[PDB]
Amino acid sequence: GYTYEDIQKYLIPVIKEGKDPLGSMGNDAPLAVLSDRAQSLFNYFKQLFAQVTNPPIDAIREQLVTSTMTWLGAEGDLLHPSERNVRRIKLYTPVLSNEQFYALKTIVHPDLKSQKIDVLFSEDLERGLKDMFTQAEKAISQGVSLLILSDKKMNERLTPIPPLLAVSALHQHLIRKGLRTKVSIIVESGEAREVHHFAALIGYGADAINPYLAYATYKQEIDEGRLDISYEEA
Amino acid sequence: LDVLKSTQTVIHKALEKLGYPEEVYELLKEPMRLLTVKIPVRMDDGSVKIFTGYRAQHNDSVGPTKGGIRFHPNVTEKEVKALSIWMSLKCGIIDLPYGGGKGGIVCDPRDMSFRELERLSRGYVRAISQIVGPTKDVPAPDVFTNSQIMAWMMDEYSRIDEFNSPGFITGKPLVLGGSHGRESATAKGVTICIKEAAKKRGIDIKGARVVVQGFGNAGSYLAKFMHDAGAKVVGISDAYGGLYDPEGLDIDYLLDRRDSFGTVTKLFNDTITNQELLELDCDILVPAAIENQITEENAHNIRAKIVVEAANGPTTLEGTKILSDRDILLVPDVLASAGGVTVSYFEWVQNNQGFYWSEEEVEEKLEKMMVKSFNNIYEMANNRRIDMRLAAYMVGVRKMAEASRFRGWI
Amino acid sequence: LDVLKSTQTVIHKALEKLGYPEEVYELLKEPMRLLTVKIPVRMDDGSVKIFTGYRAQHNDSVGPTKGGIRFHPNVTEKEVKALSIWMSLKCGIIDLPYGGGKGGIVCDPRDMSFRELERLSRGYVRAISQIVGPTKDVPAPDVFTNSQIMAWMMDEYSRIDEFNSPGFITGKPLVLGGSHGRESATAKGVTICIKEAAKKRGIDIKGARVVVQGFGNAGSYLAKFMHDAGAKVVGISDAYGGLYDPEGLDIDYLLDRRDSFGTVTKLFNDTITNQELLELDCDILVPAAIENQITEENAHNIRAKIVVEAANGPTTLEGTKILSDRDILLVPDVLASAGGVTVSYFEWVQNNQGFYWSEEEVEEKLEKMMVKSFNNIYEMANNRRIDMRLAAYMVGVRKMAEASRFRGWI
Amino acid sequence: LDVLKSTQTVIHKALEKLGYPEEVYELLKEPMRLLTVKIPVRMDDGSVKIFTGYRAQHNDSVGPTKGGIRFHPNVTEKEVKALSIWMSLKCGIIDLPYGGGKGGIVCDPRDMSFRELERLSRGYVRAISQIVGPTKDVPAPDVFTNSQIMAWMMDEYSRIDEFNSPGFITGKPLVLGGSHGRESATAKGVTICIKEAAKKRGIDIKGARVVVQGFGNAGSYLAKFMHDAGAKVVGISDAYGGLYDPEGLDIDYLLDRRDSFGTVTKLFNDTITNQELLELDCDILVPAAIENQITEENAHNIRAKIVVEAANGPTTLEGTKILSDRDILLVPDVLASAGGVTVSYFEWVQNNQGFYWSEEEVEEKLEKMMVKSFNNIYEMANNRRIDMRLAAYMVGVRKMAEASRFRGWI
Amino acid sequence: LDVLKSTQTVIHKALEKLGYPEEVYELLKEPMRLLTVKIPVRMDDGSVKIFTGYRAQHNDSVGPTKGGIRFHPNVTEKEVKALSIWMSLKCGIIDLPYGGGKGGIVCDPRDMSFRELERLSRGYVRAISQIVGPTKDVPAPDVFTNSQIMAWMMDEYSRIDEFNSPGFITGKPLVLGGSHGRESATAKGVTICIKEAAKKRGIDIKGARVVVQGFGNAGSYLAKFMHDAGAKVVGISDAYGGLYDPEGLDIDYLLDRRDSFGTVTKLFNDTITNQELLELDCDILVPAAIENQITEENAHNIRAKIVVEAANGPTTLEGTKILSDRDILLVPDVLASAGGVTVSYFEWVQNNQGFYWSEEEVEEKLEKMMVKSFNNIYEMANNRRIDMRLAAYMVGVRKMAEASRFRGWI
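Residues numbered from 1 in each chain as written, not as in the entry; some residues may be left out. Chains lettered and ligands numbered in written order. Part of a larger assembly, values for the part shown. Heavy atoms only, no water.

1. Topic: the relation of the copies chain E and chain D
Which entries qualify depends on this criterion: The copies are each rotated and translated onto one another by least squares, with the C-alpha atoms as the fitted set. The criterion used for residue contact is that any of the two residues' heavy atoms lie within 4.5 Å.
Between the two copies, chain E and chain D, the superposition gives an RMSD of 1.9 Å; the rotation angle is 117° and the shift along the axis is 0.8 Å. With respect to symmetry, the two chain copies, as superposed, fit the operation of a three-fold axis. When C-alpha positions in chain E are compared against the rotation axis, the closest is assigned to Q353 of chain E, at 3.0 Å. In this assembly, only 9% of the residues forming the interface of chain E have copies in chain D that are likewise at the interface, indicating a heterologous arrangement.

2. Here we look at the nonpolar core
Definition in use: Only buried residues count toward a nonpolar core. Its members are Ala, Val, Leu, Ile, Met, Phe, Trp, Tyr and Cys residues joined through side-chain atoms within 4.5 Å. Think of it in three bands: residues with accessible area under 20% of the maximum for their type are buried, residues over 50% are exposed, and the middle band is partly exposed, with areas taken using a 1.4 Å probe on protein chains only.
Core analysis: the largest hydrophobic core is formed by 163 residues, its most contacted members being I194 and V286 of chain B together with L15, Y345 and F374 of chain C. Beyond its immediate stretch of four places on either side in the chain, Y345 of chain C contacts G354, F355 and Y356 of chain B together with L96, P97, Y98 and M369 of chain C. Judged by nonpolar contacts, the second largest core, of 162 residues, contains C193, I236, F355 and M388 of chain D.

3. Looking at a positive patch on the surface
Residues and elements named next belong to chain B. Rules: Patch building starts from residues that exceed 30% relative accessible area and form no salt bridge, then joins like charges within 9 Å and nonpolar side chains (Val, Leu, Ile, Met, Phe, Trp, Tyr) within 5 Å. Using a 1.4 Å probe, the Shrake-Rupley method yields the accessible areas, and only the shown protein chains count as cover for residues. When a carboxyl oxygen of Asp or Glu is within 4 Å of a side-chain nitrogen of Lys or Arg, the pair counts as a salt bridge. In summary, the charge assignment counts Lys and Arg as positive and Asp and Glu as negative, without counting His or the chain termini. For this purpose, a charge sits on NZ of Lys, CZ of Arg, CG of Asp or CD of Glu. A helix here means a DSSP run of H or I that spans at least four residues, while a strand means a run of E at least two residues long, and both kinds are numbered starting from the N terminus.
Taken together, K13, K17, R384 and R398 make up a surface patch of like positive charges. Take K13: it is sitting in helix α1 (residues 3–18). Residue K13 is classed as partly exposed on the basis of its relative accessible area, which comes to 42%.

4. A word on the interface of chain E and chain D
Using the following cut-off: Identification of polar contacts relies on pairs of N or O atoms within 3.5 Å, with a donor-acceptor requirement for protein atoms, meaning one able to donate a hydrogen and the other able to accept it, and with residues adjacent in sequence counted only if both atoms are side-chain atoms.
Taken together, the 23 residues of chain E in the interface contact 21 residues of chain D. Our enumeration of links across chain E and chain D arrives at 1 salt bridge. Measuring nitrogen to oxygen at the nearest pair gives 2.6 Å for the salt bridge that ties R407 of chain E to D155 of chain D. The interface formed by chain E and chain D includes 7 residue pairs in polar contact. Residue assignment for the side of chain E that touches chain D shows that the elements contributing at least two residues are α11 (339–353) and α13 (388–407) of chain E.

5. Remarks on the UniProt feature "active site" (unreviewed entry) in chain B
All names here are of chain B. Let me state the cut-off plainly: UniProt positions are given in the numbering used here, feature names are shortened, and annotations may be inferred rather than shown by experiment.
When the UniProt feature table is mapped onto this chain, "active site" (unreviewed entry) is found at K102. With respect to the helices, strands and loops of the structure, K102 is situated in strand β4 (residues 99–106). Classification of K102 by relative accessible area gives buried; the value is 3%. In this view, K102 contacts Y54, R55, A56, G67, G68, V80, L83, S84 and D142; residues no more than four positions away in its chain are not counted.

6. A short note on the relation of the copies chain E and chain B
Of the two same-sequence chains, chain E is brought onto chain B (RMSD 1.9 Å, axial shift 0.4 Å) by a rotation of 180°. Given the turn and translation reported, the copies of this chain are related as if by a two-fold rotation axis. Identified as the residue of chain E closest to the rotation axis by C-alpha distance is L35 of chain E, at 2.2 Å. Taken together, the interface assignments show that 100% of the residues at the interface of chain E recur at the interface of chain B, consistent with an identical surface on both copies.

7. Side note on the domain arrangement of chain B
Residue and element names in this part refer to chain B. So the rule is basically this: Where each domain starts and ends follows an automatic or database-derived domain assignment. The buried area of a pairing is the accessible area, by a 1.4 Å probe, that goes missing from both parts when the two are put together, added over both.
For chain B, the assigned domains read domain 1 (1–28 + 387–410), domain 2 (29–164) and domain 3 (184–337). Using C-alpha coordinates to define each centre, domain 1 is positioned 25 Å away from domain 2. Taken together, the contacts link 22 residues of domain 1 with 20 residues of domain 2. Interface area for domain 1 against domain 2, summed over the two sides, is near 2000 Å², with a carbon-plus-sulfur share of 69%. Its largest share of buried area at the contact with domain 2, domain 1 owes to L4, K399 and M400, together 28% of the area lost on that side. The closest approach of N and O atoms between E26 and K29, which form a salt bridge, is 2.7 Å. Our count for the contact surface shared by domain 1 and domain 2 stands at 10 residue pairs in polar contact. Put simply, the parts of the chain that give the side of domain 1 that touches domain 2 at least two residues each are α1, α2 (22–28) and α15 (388–407).

8. Topic: the packing of helix α4 (residues 114–128) of chain C against helix α5 (residues 147–161) of chain C
Residue and element names in this part refer to chain C. Short version of the rule: Helix axes use the C-alpha atoms of the stretch in contact, all axes being lines fitted to C-alpha atoms, and the angles between their N-to-C directions lie in the range 0 to 180 degrees. Roughly parallel here means an angle under 35 degrees, roughly antiparallel means over 145, roughly perpendicular means 65 to 115, and every remaining angle is called oblique. Put simply, a crossing is left-handed when the front helix is turned counterclockwise from the back one by less than a right angle, and right-handed when it is turned clockwise. For this classification, the nonpolar set comprises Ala, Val, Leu, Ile, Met, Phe, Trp, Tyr, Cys and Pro, the charged set comprises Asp, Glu, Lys and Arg, and every other residue, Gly included, is treated as polar.
Between α4 and α5, the least distance of the axes is 9 Å, while the angle of their chain directions is 45°. Between α4 and α5, the interaxial angle falls into the category oblique. For the pair α4 and α5, the crossing hand works out as right-handed. On α5, the residues touching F114, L117, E118, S121, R122, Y124, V125 and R126 of α4 are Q148, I149, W152, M153, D155, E156, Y157, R159 and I160. Split into classes, the residues belonging to the contact of α4 with α5 amount to 9 nonpolar, 2 polar and 6 charged.

9. A closer look at a nonpolar patch on the surface
The grouping of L31, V33, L34, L41, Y44, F45 and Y204 of chain A at the surface amounts to a nonpolar patch, some 650 Å² of accessible area in total. Positionally, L31 of chain A belongs in the loop between α1 (4–17) and β1 (70–72).

10. Side note on the pattern of salt bridges
All names here are of chain A. In this structure the tally under the stated criterion is 126 salt bridges over all chains. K153 is paired through a salt bridge with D118; the nearest N and O atoms lie 2.8 Å apart. One end of the pair, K153, is in the loop between β5 (146–150) and β6 (159–160); the other, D118, is in strand β3 (residues 114–118), and 35 residues separate them in sequence. Its relative accessible area of 57% is what places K153 among the exposed residues. By relative accessible area, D118 is classed as partly exposed at 24%.

11. Some details on the arrangement of the chains
Here chain A and chain E are not in contact; the least distance found between their C-alpha atoms is 22 Å. Regarding chain C and chain E, the two do not touch, and the least distance separating their C-alpha atoms is 15 Å.

12. What to know about the packing of helix α5 (residues 147–161) of chain B against helix α13 (residues 388–407) of chain C
Helix packing geometry: the angle between the two helix axes and the distance between the axes. Two elements in contact, α5 of chain B and α13 of chain C, have axes separated by 8 Å at closest approach and are oriented at 85°. Between α5 of chain B and α13 of chain C, the angle is such that the two are roughly perpendicular. Of the residues in α13 of chain C, those touching α5 of chain B at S147, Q148, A151, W152, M154, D155 and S158 of chain B are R405, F406 and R407 of chain C.

13. Quick notes on helix α1 (residues 3–18) of chain D
Residue and element names in this part refer to chain D. Our working definition: One less than the residue count of a helix, multiplied by 1.5 Å, gives the span that helix is expected to have.
Relative to the 22 Å expected for 16 residues at 1.5 Å per residue, α1 spans 23 Å between its end C-alpha atoms, a close match to the ideal helical length. Among the residues of α1, those classed as buried are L4, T7, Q8, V10, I11, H12, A14 and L15. Where α1 is buried, its residues meet α2 (22–28), α3 (77–94) and α15 (388–407). Directly after α1, the chain includes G19, whose backbone phi takes a positive value near 95°.

Rendered as structure tokens:
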């Protein structure tokens, strides 16, 4: 669902200004459920906010109160904790670069094992979700502590599952079966280029995300002359 | 494409400077034992994939070859040979009883799995088992390799030879015969080189201003070592930028907040880019990060009296020439980053003895070895009006050439 | 009651506390190698006798197995396996590069002659020569076995392998590659354990009111060593009862030439209080007279702030729990009696190197090793809020489990 | 439960008859090398299972041990030892340069899978690799084993030893060094024994009436061989019944309609049960089917002049006694079913030479070997008024006892 | 054009016809071992020269690799690999227990001296000693290599291994363990192929109108052997043209002492018809003068009922198809020129046994082997309705593929 407007008005301004681009004259378009055109599952979910009974906060001014720290791995014995509870990975930012993603995949450490699940389907979305569940349970039994839901290796026959739906379903299944705390969820999807996308994935269960397609778009823009800033800084 | 040619050229120049004939270059330009193997691996899906593996042994006159294994899709015979020659140069510089070796496999560990990786490692060890061993060839890890892979290789070799052979492969976990200091080896070697260079140049380490480009494990350990020694770190960098403080950077707090990947920058705070970080006012500069960072434009803008190439090839020929003109002491990577090789050698010695040393013993032995190598190279480069890089290359090739001549191969 | 089953149970609880799957226990509960052999020996009367021999190897993941051999008629497969597991535990506790091994022969050396014993040892070595060696399995002495038997075994193995193999077997004489400190190994180990326990606690070694249930060989040695700085309160279980009851008085050095065969030290007719005295407000306790002296009934009666076990199974689980609740330090026998294994390891290292150390070097290395092991056990026990015995068991099994997991056996 | 005791008893009786002392029995009653191993196997589900393996070597004085490996859940040390002794007896009867060996694994191949079976075979070979080889111990297949498993073991051993070792294991496919006649070996040996017995008893094979109980591969091949020789097969049996025709049974058509499992009976046609098939009028009877078929009740009703035990233990002691009273020539299984062992020996010889024979060469060599063994046993049983079973046992133990005495083990 | 690519293509089509997956082709298309070595040799002038050597091993599933060595300056990795694949094909066709192997050195023996050649061969053996031996890789001679070089290699390997190893290398003199029939191996093989082809067809060997494009060495030998029973019609390509044109007349035996260096047999000035005669109504054809003499243009012109190839690539695919359509028998060169490999295999067998055969035994065994191979190829070609060349290729690859599948590599 990338568009020329999307690129030129969300990705380039982000690099240029270091912040989400501003706007005016709030949405006049119809909702996703009412739009004739096909829409992403992200657009069906709306962010909530603190109106009454709890106030919002200013993250920039009260940065000393905030925290983006994230833990990857399996939690230790909460009731009787010792050492092993902190034998995990920690990140300052849930957003993962390609090099960080590759390093996590290639850790190999027996205590810190990873398994990749291709979240793809042809006709039966329920079937695809159930195979993902079975793969996750098998990996957990084998001792895997990282589950990497990938949209890659997709073609006309195999379409990627909506990452929000996949992450939420897996999170709920593991919570029901008492296995979520033993693993962490990494997402490698091309439908992740917006703050709303990242926030939805995190809030519905994703521990980390890797916008490989956005990075590739930045690389193409750099190569074709525009966006003189280098790939790493971008 | 021209890595092997460049290595051949530096070998030729070093041999010419040392005065050796052309037969020595003819012998040392290419390895005398290159093995190419095909490894069938059963994958999780049940299919069978044929991987291509290479193992090169540059020389064995000094002793058993020492090398590394990397799991990359871009490996080639030329790259393997060149890196084997470079490993021989490193071993000669450190005065180890080793030769040069290098292994490689054409694969993508990112797409491969845990069990597939285990099977591939075992298959590679089997394919090369006929020419490797604790007395012939000692592998170690490289790109996309680690202690688990080393342990798999060690298990394979023991299962082949009917008895445990910890010394066949280094880089193992402690429980399997690993050595302490395997993580801080490169940083400690860089620290030793920095201290020796400062002593030579008259710079006092106490209060010396140090800038480190890269805050990975090596960068963090190096910053901690400088802070302990008393030098003030006025600049560090990570994947998101850098910081600057002439009066100190609170390395303790930075390490405390350091994550697994080494990020220490804040979110809503502007950072310092690497281009202007390299140009900061400091006495010591340490690039331990991506390569090709010092060129003609920034060579004149660099204000560091000492530059230590912790990473691999962070400086170009033009940058080296300009720094030599400006009288800036450059410490080559081939010498600075030899701590890992030295610690692997210590692990091999411990496996041979059956006795495993401690952190303090490893520290002191590494200190003596690196100090001796640095002093030898500095004296060579002072006696002959040349650069430390060329002096290090000459020191590396001298031992191998003398051993070959003594043994009668030339 | 079954020693093997008890060992499997302790391994199981240690692994459960460490948080490991059941497959680790399934692997480590039973040795992976059990060789049973029949040795024909020609006796001095011209007849031929068939002797039964067993050799158990428990785990080679960490390194070559190390095990003693005992010449007793009551040896059995289960006993040999249990002792191999215990040896593996001791090696893991001391952090040696060894595995669990053990051997035995069904024989009565009291009836066998010198030449018959030589022939039996040679036949045993010939029988098990295929699965033993400096890199696979290292034998050592045990009850009814000594340096002469070790030397005969070494000679036979050297003849088999066509070259000298001093490191294949330990416990040899000095001329054949023996090591110093073999005799005083266990006593020295208990002394270092006592000193480290006192240092960890607030007790000093000047007063050191010491109760000992020994006074035979090891008990006399440890009492003599303590007498230099500490004091004595009472000695119990001298093979005749409470023959010694100074009750706040020391004992003159009488270790020159004395034995319990005739009297104890001065006279057998001296005043005797009773068999079991115990009690008394002391600060150090060393119970070693018989198995399971301490029970539930007398667990609360003792008034010692520190207890150091010097025998096999001197205390029960209920007693250990009671002492832990009372906050009395308890040093397990498995850690206290590891000096012999450590000295055997030193002898193996000396054989591998070709360089033989001195008594001072052996003593200092033993001190370092045992102090490190004691500190690790104490710290882990404090962290987990458990007893020293369980902490030692977990420390012992951790190395084996991690090595097996790394090598991929589970 | 008493298999080992029974084997010991027959060994004792044979040695007593031969006149050897008791030390020979003491040496030969139990194997001198029994190895028990634990094999970790990764299953398809990803879990790890620990299997138990046994390998017994009765003797090696004559030459390298020869044995088989069976994958059954009911295997035990006693069974393995007894079958190793039986294999030694067979080798001695055939006059092979072999000893007795036997391997076993506690597993259920029915529930196991293809890859799991491969992994288990490789693990077993690794566990026993230290005491086996082309010069030490040669395995072969048994219950739930076949050429694929033998090939996996051979690949494992070659991968361990760094060079191909076809002679380490027999029963391999032709492409990997197998021998011709591996399928008809037992039937051909039974045919040779039948012909020799008929010659001894004066029965002409031409027109001789033969009844075969069992129409598996052995039964079918035996029936074909009798038909070619000219004897008339008047009865065969399968899992569903049997047929009877005094004038011939059209073995060609029966083999043509024979399926994989050997069924030849029609659907809507009544069949002859085995109980009354054994009682048919014939000159030669050949049970190659389930055991315990001849007892007191049917011994008197049997009308066969010659009975050959193609299967294992199809006759009891009472049946043998009654047949001896009735003057019926009984050919024991230990002799009749030695064709497979002989062909495995030929395969070993071919692997050693590097030259592989043909069907005709294998046929003639097997004929000479079996004829010599049968004649020796018959002459022994005629010189001493005993049974062919006891004569065969004596012939089997004689060579081993003499070799041990010559080598000096007793 | 690429020999390696052509070999991969023929392997691919053979496997596709046999009905095998693509992983088999992926495994068998490229050798699993390729060792490149540098040999320093001290020349007679005191200088040192570095020679390049290659050794390729294609597949060891069937057995140890068998390969020749050639001393040529135009050798290459691709050529060596292709020749190893072809050797594997020949071994599979003849049903030998061998794999594909080959070796080469970049040198010019015409320029090298005797001592220099000895030193070069010894250095090559020293370099590749780790991956060669009687059980791994068996070298043999090729172009610019002979029995003296084989003897030097044998001596060097014997010195390395500390014992005589005649079977490590073939092509040796008789005194060192050579075999009879080495010289006439190829000519004898073509003679047996011709005789078996004639027997399969309705042609007899009395008339046997034979056309030969040889008359040099092999051509003269086969013509002489044919002359005993058959007749001649015309001889072509005698290095000068159609110097021989009896056109229905025989030739007197002139094989005593004659060579093409001076004239051919009688005189160079005799009448010459033209370079290419061909045609004529003959019953046997033996084209061996140059590569690819037969093409599409002249495919239909030949009038021979049987064609037997005696050179490398004498016919193209279009010509082979045309002859197959015309129903003219065509014996592939890969089968016709296997006599040398068979004799080398016999020499290896003799070395293994220690017993050396005679000329009669060698001849009869060669006849048996080649007749069996020819019959198998002919029967399979008839069954599949394909050409003899493709049938031979499939027969060659079947053994390797089945062995690999059995061993589990694919």
